[PDB]
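Colleague: So that we are looking at the same thing, I have put the structure below in structure tokens.
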Amino acid sequence: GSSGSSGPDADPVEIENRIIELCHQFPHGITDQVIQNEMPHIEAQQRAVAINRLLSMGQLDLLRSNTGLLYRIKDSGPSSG
């Protein structure tokens with residue numbers, strides 16, 4: 001739930017891209033906690049924003065499993081025939 005402008009704090013694209021690089025490192029996915037240890041400097045809204053963005057953009061894939069959600073690299077399985 002975006003709330004007002006964020007501000008000049010760590011560009012968005014950058015944040016997103018960062019997540020991408022991660023989503024790449026982890027094919028299984030990445031937990032908010034991870035991104036936290038990876039970027040504990042990022043903001044709550046910034047972290048989500050980028051996430052939501054990637055989610056929408058179609059670059060990041062959300063995966064609801066166990067406590068919290070998971071985020072992996074977006075992709076689609078190959079056809080059978």
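Following the order of the structure tokens, first chain is A, next is B, and so on, with residues numbered from 1 inside each chain and ligands from 1 in the order they appear.
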Show which residues sit within 10 Å of residue 48 of chain A, as a PyMOL selection string. Count only C-alpha atoms, and ignore same-chain residues fewer than 4 positions away.

Modeller: chain A and resi 1-2+15-16+32+42-44+52-55

Colleague: Name all residues at most 12 Å from residue 30 of chain A (count only C-alpha atoms; drop same-chain ones fewer than 4 positions away) and give them as a PDB file with N, CA, C and O atoms, in the first residue's frame.

Modeller:
```
ATOM      1  N   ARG A  18      18.713  -5.291  -8.007  1.00  0.00           N
ATOM      2  CA  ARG A  18      19.371  -6.038  -6.948  1.00  0.00           C
ATOM      3  C   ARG A  18      18.621  -7.343  -6.675  1.00  0.00           C
ATOM      4  O   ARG A  18      19.232  -8.407  -6.583  1.00  0.00           O
ATOM      5  N   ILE A  19      17.308  -7.220  -6.554  1.00  0.00           N
ATOM      6  CA  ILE A  19      16.467  -8.377  -6.294  1.00  0.00           C
ATOM      7  C   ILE A  19      16.616  -9.377  -7.442  1.00  0.00           C
ATOM      8  O   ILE A  19      16.654 -10.587  -7.215  1.00  0.00           O
ATOM      9  N   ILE A  20      16.696  -8.838  -8.649  1.00  0.00           N
ATOM     10  CA  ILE A  20      16.842  -9.669  -9.833  1.00  0.00           C
ATOM     11  C   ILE A  20      18.108 -10.516  -9.704  1.00  0.00           C
ATOM     12  O   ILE A  20      18.055 -11.740  -9.818  1.00  0.00           O
ATOM     13  N   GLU A  21      19.218  -9.833  -9.467  1.00  0.00           N
ATOM     14  CA  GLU A  21      20.496 -10.507  -9.323  1.00  0.00           C
ATOM     15  C   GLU A  21      20.385 -11.641  -8.301  1.00  0.00           C
ATOM     16  O   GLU A  21      21.019 -12.683  -8.453  1.00  0.00           O
ATOM     17  N   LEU A  22      19.575 -11.398  -7.281  1.00  0.00           N
ATOM     18  CA  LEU A  22      19.373 -12.385  -6.234  1.00  0.00           C
ATOM     19  C   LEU A  22      18.502 -13.523  -6.773  1.00  0.00           C
ATOM     20  O   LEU A  22      18.899 -14.685  -6.730  1.00  0.00           O
ATOM     21  N   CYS A  23      17.333 -13.146  -7.267  1.00  0.00           N
ATOM     22  CA  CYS A  23      16.403 -14.120  -7.814  1.00  0.00           C
ATOM     23  C   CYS A  23      17.180 -15.061  -8.735  1.00  0.00           C
ATOM     24  O   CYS A  23      16.800 -16.219  -8.910  1.00  0.00           O
ATOM     25  N   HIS A  24      18.254 -14.531  -9.301  1.00  0.00           N
ATOM     26  CA  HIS A  24      19.089 -15.309 -10.201  1.00  0.00           C
ATOM     27  C   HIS A  24      19.972 -16.259  -9.388  1.00  0.00           C
ATOM     28  O   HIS A  24      20.118 -17.429  -9.739  1.00  0.00           O
ATOM     29  N   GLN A  25      20.537 -15.720  -8.318  1.00  0.00           N
ATOM     30  CA  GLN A  25      21.402 -16.504  -7.453  1.00  0.00           C
ATOM     31  C   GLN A  25      20.614 -17.646  -6.808  1.00  0.00           C
ATOM     32  O   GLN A  25      21.131 -18.751  -6.652  1.00  0.00           O
ATOM     33  N   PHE A  26      19.375 -17.339  -6.452  1.00  0.00           N
ATOM     34  CA  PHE A  26      18.510 -18.327  -5.828  1.00  0.00           C
ATOM     35  C   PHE A  26      17.330 -18.675  -6.737  1.00  0.00           C
ATOM     36  O   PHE A  26      16.381 -17.900  -6.854  1.00  0.00           O
ATOM     37  N   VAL A  34      16.148 -12.791   3.701  1.00  0.00           N
ATOM     38  CA  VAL A  34      17.349 -12.816   2.886  1.00  0.00           C
ATOM     39  C   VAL A  34      17.680 -11.394   2.427  1.00  0.00           C
ATOM     40  O   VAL A  34      18.718 -10.845   2.793  1.00  0.00           O
ATOM     41  N   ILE A  35      16.777 -10.839   1.633  1.00  0.00           N
ATOM     42  CA  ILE A  35      16.959  -9.491   1.120  1.00  0.00           C
ATOM     43  C   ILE A  35      17.348  -8.561   2.271  1.00  0.00           C
ATOM     44  O   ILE A  35      18.040  -7.565   2.063  1.00  0.00           O
ATOM     45  N   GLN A  36      16.885  -8.917   3.460  1.00  0.00           N
ATOM     46  CA  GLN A  36      17.175  -8.127   4.644  1.00  0.00           C
ATOM     47  C   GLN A  36      18.673  -8.170   4.957  1.00  0.00           C
ATOM     48  O   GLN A  36      19.298  -7.131   5.158  1.00  0.00           O
ATOM     49  N   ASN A  37      19.203  -9.384   4.990  1.00  0.00           N
ATOM     50  CA  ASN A  37      20.615  -9.576   5.274  1.00  0.00           C
ATOM     51  C   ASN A  37      21.442  -9.085   4.085  1.00  0.00           C
ATOM     52  O   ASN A  37      22.602  -8.708   4.245  1.00  0.00           O
ATOM     53  N   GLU A  38      20.814  -9.105   2.919  1.00  0.00           N
ATOM     54  CA  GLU A  38      21.478  -8.667   1.704  1.00  0.00           C
ATOM     55  C   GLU A  38      21.437  -7.141   1.597  1.00  0.00           C
ATOM     56  O   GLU A  38      22.381  -6.524   1.107  1.00  0.00           O
ATOM     57  N   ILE A  51       9.875  -5.058  -4.741  1.00  0.00           N
ATOM     58  CA  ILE A  51       9.306  -6.394  -4.803  1.00  0.00           C
ATOM     59  C   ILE A  51       8.024  -6.359  -5.638  1.00  0.00           C
ATOM     60  O   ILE A  51       7.942  -7.001  -6.684  1.00  0.00           O
ATOM     61  N   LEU A  60       9.987 -10.832 -11.186  1.00  0.00           N
ATOM     62  CA  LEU A  60      10.042 -11.604  -9.957  1.00  0.00           C
ATOM     63  C   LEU A  60       8.775 -12.452  -9.835  1.00  0.00           C
ATOM     64  O   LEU A  60       7.701 -12.036 -10.268  1.00  0.00           O
ATOM     65  N   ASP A  61       8.942 -13.626  -9.244  1.00  0.00           N
ATOM     66  CA  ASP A  61       7.824 -14.537  -9.061  1.00  0.00           C
ATOM     67  C   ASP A  61       7.622 -14.795  -7.566  1.00  0.00           C
ATOM     68  O   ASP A  61       8.555 -15.191  -6.869  1.00  0.00           O
ATOM     69  N   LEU A  62       6.398 -14.560  -7.118  1.00  0.00           N
ATOM     70  CA  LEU A  62       6.061 -14.762  -5.718  1.00  0.00           C
ATOM     71  C   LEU A  62       5.653 -16.221  -5.502  1.00  0.00           C
ATOM     72  O   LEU A  62       5.007 -16.821  -6.359  1.00  0.00           O
ATOM     73  N   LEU A  63       6.047 -16.748  -4.352  1.00  0.00           N
ATOM     74  CA  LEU A  63       5.729 -18.124  -4.012  1.00  0.00           C
ATOM     75  C   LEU A  63       5.395 -18.213  -2.522  1.00  0.00           C
ATOM     76  O   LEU A  63       6.287 -18.143  -1.678  1.00  0.00           O
ATOM     77  N   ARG A  64       4.110 -18.367  -2.244  1.00  0.00           N
ATOM     78  CA  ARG A  64       3.647 -18.466  -0.870  1.00  0.00           C
ATOM     79  C   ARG A  64       3.893 -19.875  -0.328  1.00  0.00           C
ATOM     80  O   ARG A  64       3.198 -20.818  -0.703  1.00  0.00           O
ATOM     81  N   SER A  65       4.882 -19.974   0.547  1.00  0.00           N
ATOM     82  CA  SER A  65       5.229 -21.252   1.145  1.00  0.00           C
ATOM     83  C   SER A  65       5.682 -21.049   2.591  1.00  0.00           C
ATOM     84  O   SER A  65       6.575 -20.246   2.859  1.00  0.00           O
ATOM     85  N   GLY A  68       5.803 -16.580   5.767  1.00  0.00           N
ATOM     86  CA  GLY A  68       6.270 -15.570   4.833  1.00  0.00           C
ATOM     87  C   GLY A  68       6.132 -16.055   3.388  1.00  0.00           C
ATOM     88  O   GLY A  68       5.762 -17.204   3.147  1.00  0.00           O
ATOM     89  N   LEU A  69       6.439 -15.156   2.464  1.00  0.00           N
ATOM     90  CA  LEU A  69       6.354 -15.478   1.050  1.00  0.00           C
ATOM     91  C   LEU A  69       7.765 -15.660   0.488  1.00  0.00           C
ATOM     92  O   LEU A  69       8.744 -15.271   1.121  1.00  0.00           O
ATOM     93  N   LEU A  70       7.824 -16.252  -0.697  1.00  0.00           N
ATOM     94  CA  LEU A  70       9.098 -16.490  -1.352  1.00  0.00           C
ATOM     95  C   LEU A  70       9.116 -15.769  -2.701  1.00  0.00           C
ATOM     96  O   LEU A  70       8.068 -15.550  -3.306  1.00  0.00           O
ATOM     97  N   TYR A  71      10.319 -15.419  -3.133  1.00  0.00           N
ATOM     98  CA  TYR A  71      10.487 -14.726  -4.399  1.00  0.00           C
ATOM     99  C   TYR A  71      11.604 -15.363  -5.228  1.00  0.00           C
ATOM    100  O   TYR A  71      12.749 -15.435  -4.784  1.00  0.00           O
ATOM    101  N   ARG A  72      11.232 -15.809  -6.419  1.00  0.00           N
ATOM    102  CA  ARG A  72      12.188 -16.438  -7.314  1.00  0.00           C
ATOM    103  C   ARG A  72      12.132 -15.783  -8.697  1.00  0.00           C
ATOM    104  O   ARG A  72      11.291 -14.920  -8.944  1.00  0.00           O
ATOM    105  N   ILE A  73      13.039 -16.217  -9.559  1.00  0.00           N
ATOM    106  CA  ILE A  73      13.103 -15.684 -10.909  1.00  0.00           C
ATOM    107  C   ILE A  73      11.894 -16.176 -11.706  1.00  0.00           C
ATOM    108  O   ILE A  73      11.619 -17.375 -11.747  1.00  0.00           O
TER     109      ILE A  73
END
```

Colleague: Using only C-alpha atoms, pick whichever of A:27, A:7, A:14, A:74 has the shortest atom-to-atom distance to residue 57 of chain A.

Modeller: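 Nearest candidate to residue 57 of chain A out of A:27, A:7, A:14, A:74: A:74.
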
Colleague: Once DSSP has gone over the backbone, tell me which residues of chain A are in helix (DSSP H, G or I), as a PyMOL selection string.

Modeller: chain A and resi 12-25+32-38+44-57

Colleague: What does the structure give for the distance between atom CA of residue 67 of chain A and atom CA of residue 33 of chain A, in Å to one decimal?

Modeller: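 Calculated distance between atom CA of residue 67 of chain A and atom CA of residue 33 of chain A is 11.1 Å.
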
Colleague: Where in chain A does DSSP assign strand (DSSP E), given as an MDAnalysis selection string?

Modeller: chainID A and resid 30:31 60:64 69:73

Colleague: I need the residue nearest residue 3 of chain A from this list: A:31, A:45, A:66, A:80. Use only C-alpha atoms for the distance.

Modeller: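 Closest to residue 3 of chain A of all the choices is A:45.
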
Colleague: Mind checking which residues fall within 9 Å of residue 12 of chain A, counting only C-alpha atoms, ignoring those fewer than 4 positions away in the same chain, and posting them as number ranges by chain?

Modeller: A: 16-17, 46, 49-50
